[PDB]
Undergrad: 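Questions regarding the structure given below will be posed in turn.
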Amino acid sequence: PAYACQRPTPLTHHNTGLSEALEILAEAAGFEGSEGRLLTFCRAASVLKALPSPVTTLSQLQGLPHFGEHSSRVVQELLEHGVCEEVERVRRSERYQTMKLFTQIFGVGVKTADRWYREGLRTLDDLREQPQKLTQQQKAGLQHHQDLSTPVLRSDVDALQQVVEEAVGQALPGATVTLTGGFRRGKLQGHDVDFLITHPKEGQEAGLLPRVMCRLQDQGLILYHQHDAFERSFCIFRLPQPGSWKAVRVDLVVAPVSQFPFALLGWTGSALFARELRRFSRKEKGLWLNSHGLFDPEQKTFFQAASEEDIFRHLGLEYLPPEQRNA
DNA sequence: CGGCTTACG
DNA sequence: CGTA
DNA sequence: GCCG
Ligand SMILES: Nc1nc2c(ncn2[C@H]2C[C@H](O)[C@@H](COP(=O)(O)NP(=O)(O)OP(=O)(O)O)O2)c(=O)[nH]1
Ligand SMILES: [K+]
Ligand SMILES: [Mg+2]
Ligand SMILES: [Mg+2]
């Protein structure tokens, strides 16, 4: 099928090298502002992840969605020579390496990285010498960059969840913490830990996240956070280690229980899976999907879901467990 | 050709 | 602009 | 860059 939400995509697969190469080109397209080419290369990479066996000859790409002349030539050169000249040229270019380094900083997007690049900046130390150019968020990202470049491990995640649950249970007894993001899809490591928080009584979650953050702050666990009312927090946590501690990015989201299936579906991802599912919803079904609900514009009504299963059924899609949403 | 991702901080 |  |  043409959309990633119509097929299972496991975490590990049989075309790792080919998909990695196409994702380099996708990433390079994004650094140059070409969102359309980024999407096509990401989609072609995702198709290969969904295949049941390795691609060994060009003919296997026949009829595969999102493979045209450019992506097929990339695959062809990898099959024939083990390397793609275009991909290798991107890898070693100063532009790619610096945009990759800069955009990996928490608080730095493509627009900011591109301005710094054009101004001649190239390294983290270059940015550190110009702290007048940095927001407080970027200063935090730069200071903690080395720890944040270390993958979070599944072992780390359970220790963090207990701490978050402790603060959440004091902020509002009966509130729950659900692991979402990449670790919910089965990843053994990640760039951060994502949590979704709710309470079984509609309305009780109002105003919860400031109370949660206050309690985490008082426990001494918050190295950075954005802080009147808010429902999403992007922070840097102090995580325990043997004889020391390390900084870890943690995302917290609060949703009312009525919206929990939609929020769980959205924040579980993958990011490409979510965009493809929303695109499918809008273009094939005429329904508008987000992390709050599923809207029929013609009837001006919202579909009530009690589960992610509900949502897949309402879109006419076979259910995909989180481990099969690794588009 | 137009379309390509979303709401919140 | 950033979360990304 | 590719789809419809
Ligand atoms: N609508 C929407 N959702 C998004 C977007 N980006 C991410 N999400 C949703 C879907 C994502 O699954 C979720 C969390 O995003 P991360 O924590 O940045 N990534 P993950 O946990 O997959 O991996 P790792 O942390 O190891 O890099 O947020 C976006 O641009 N749009
Ligand atoms: K960034
Ligand atoms: Mg994550
Ligand atoms: Mg996250």
Side-chain angles (χ1 to χ4, degrees), chain A residues 1-6 22-23 25-47 61 63-75 86 99-100 102-116 133-142 148 180-182 190-196 209-210 213 224-236 249-256 259 262-263 265-267 269-284 287-295 327:
Chain A
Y3 296 83
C5 62
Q6 292 171 299
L22 294 164
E23 290 183 331
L25 301 183
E27 183 178 26
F31 294 163
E32 303 310 307
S34 184
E35 217 59 53
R37 288 165 166 77
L38 174 149
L39 280 177
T40 281
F41 283 132
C42 281
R43 285 167 191 160
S46 186
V47 168
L61 301 177
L64 287 182
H66 308 292
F67 281 85
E69 179 188 354
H70 199 147
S71 302
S72 300
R73 174 180 75 240
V74 176
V75 165
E86 192 193 357
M99 291 296 282
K100 185 161 181 76
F102 282 175
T103 55
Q104 281 175 352
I105 301 162
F106 173 68
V108 180
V110 166
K111 282 190 205 317
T112 303
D114 174 57
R115 176 176 77 254
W116 291 344
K133 305 183 109 296
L134 303 175
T135 69
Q136 283 304 315
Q137 179 179 58
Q138 291 163 356
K139 287 177 188 182
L142 250 190
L148 299 186
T180 182
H191 105 282
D192 72 357
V193 191
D194 307 286
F195 293 115
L196 177 61
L209 197 50
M213 296 307 301
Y224 166 92
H225 68 129
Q226 283 83 47
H227 304 273
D228 210 349
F230 55 102
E231 65 208 48
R232 298 184 192 177
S233 172
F234 316 105
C235 19
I236 304 171
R249 276 273 299 107
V250 178
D251 288 335
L252 303 182
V253 180
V254 174
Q259 302 173 5
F262 300 98
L265 184 65
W267 297 99
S270 73
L272 176 64
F273 180 90
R275 295 176 77 176
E276 288 281 286
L277 178 69
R278 291 168 188 197
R279 190 171 67 97
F280 174 92
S281 180
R282 179 175 288 273
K283 300 306 181 182
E284 307 300 328
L287 302 181
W288 301 347
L289 174 66
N290 59 24
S291 63
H292 302 328
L294 180 60
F295 184 68

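In what follows, every chain begins at residue 1, and chains take the letters A, B, ... in the order their sequences are listed.
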Undergrad: Atom CZ of A:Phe106 and atom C1' of C:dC1: how far apart are they, to the nearest Å?
TA: 13 Å
Undergrad: Ignoring hydrogens, what is the shortest heavy-atom contact between A:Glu231 and A:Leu209? Give both atom names and the distance.
TA: C-CD2, 3.3 Å
Undergrad: Under a 4.5 Å cut-off applied to non-hydrogen side-chain atoms, are A:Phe262 and A:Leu294 in contact?
TA: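 Sidechains of A:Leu294 and A:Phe262: in contact.
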Undergrad: Between C:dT3 and B:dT5, how far apart are the two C1' atoms, rounded to whole Å?
TA: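 The same atom, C1', in both gives a distance of 13 Å.
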Undergrad: If I compare all heavy atoms of A:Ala45 with all of A:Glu23, which pair ends up nearest, and what's the gap?
TA: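 Minimum heavy-atom contact is CB-CG, 3.6 Å.
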Undergrad: Quick one: label A:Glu69 by what it contacts on the DNA or RNA (base, sugar-phosphate, nothing), any heavy atom closer than 4.0 Å.
TA: sugar-phosphate
Undergrad: Please walk me through it: do A:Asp194 and A:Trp267 pass side-chain contact (heavy atoms from CB on, under 4.5 Å)?
TA: CA-CA 8 Å; A:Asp194 307 286; A:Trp267 297 99; 5.7 Å; no
Undergrad: Show the nearest heavy-atom pair for residues A:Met99 and A:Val110, with the distance to one decimal.
TA: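 What the structure gives for the nearest pair is CE-O, 3.7 Å.
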Undergrad: Tell me whether the rings of A:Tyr224 and A:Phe106 are parallel (<30°), tilted (30 to 60°) or perpendicular (>60°).
TA: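 The rings of A:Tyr224 and A:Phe106 stand perpendicular, inter-plane angle above 60°.
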Undergrad: Tell me what A:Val253 touches on the nucleic acid: a base, only sugar-phosphate, or nothing, going by heavy atoms under 4.0 Å.
TA: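 No contact.
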Undergrad: Over how many whole Å does the gap from A:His292 atom NE2 to B:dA7 atom P extend?
TA: 7 Å
Undergrad: Between B:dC8 and D:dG1, how far is it from one P atom to the other, in whole Å?
TA: 35 Å
Undergrad: Less than 4.5 Å apart, any side-chain heavy atom of A:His70 and any of A:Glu86?
TA: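 SC-SC contact between A:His70 and A:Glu86 confirmed.
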Undergrad: So what does A:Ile105 hit on the nucleic acid, given a heavy-atom distance under 4.0 Å: a base, only sugar-phosphate, or nothing?
TA: sugar-phosphate
Undergrad: What is the distance, to the nearest angstrom, from the CG atom on A:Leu209 to the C1' atom on C:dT3?
TA: 14 Å
Undergrad: Counting just side-chain N and O atoms, does A:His225 come under 4.0 Å of either OP1 or OP2 of B:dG9?
TA: no
Undergrad: What's the CH2-P distance between A:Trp267 and B:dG9, to the nearest Å?
TA: 9 Å
Undergrad: Ignoring backbone atoms, establish whether A:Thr112 has a side-chain N or O less than 4.0 Å from OP1 or OP2 of C:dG2.
TA: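 Indeed, a polar side-chain atom of A:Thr112 lies that close.
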Undergrad: Nearest whole Å is fine: how far is B:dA7 P from A:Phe230 CZ?
TA: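 So the two atoms are 21 Å apart, to the nearest Å.
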Undergrad: Closer than 4.0 Å, any side-chain N/O of A:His66 to the OP1 or OP2 of D:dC2?
TA: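 Looking at the OP1 and OP2 atoms of D:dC2, neither is under 4.0 Å from any side-chain N or O of A:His66.
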Undergrad: Would you mind classifying the nucleic acid contact of A:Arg249 as base, sugar-phosphate or nothing, using non-hydrogen atoms under 4.0 angstrom?
TA: sugar-phosphate
Undergrad: Atom CD in A:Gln138, atom CD1 in A:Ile105: separation rounded to 0.5 Å?
TA: 7.5 Å
Undergrad: Determine the contact category for A:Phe234: base if any of its heavy atoms lies under 4.0 Å from a base atom, sugar-phosphate if only primed atoms, P, OP1 or OP2 are that close, otherwise nothing.
TA: base
Undergrad: Do you know which two heavy atoms are closest between A:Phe273 and A:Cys5, and how far apart they sit?
TA: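 The answer is CE1-CA, 3.6 Å.
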Undergrad: Taking Watson-Crick (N1-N3 plus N6-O4 or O6-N4) and G-U wobble (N1-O2, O6-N3), each under 3.5 Å, can you produce the dot-bracket string of DNA chain C? Use [ ] for crossing pairs and | for inter-strand ones.
TA: |||.
Undergrad: Using a 4.0 Å heavy-atom cut-off to protein, can you give one letter per nucleotide of nucleotides 1-6 of chain B, 5' to 3': B if the base is in contact, S if only the sugar-phosphate is, - if neither?
TA: --SBBS
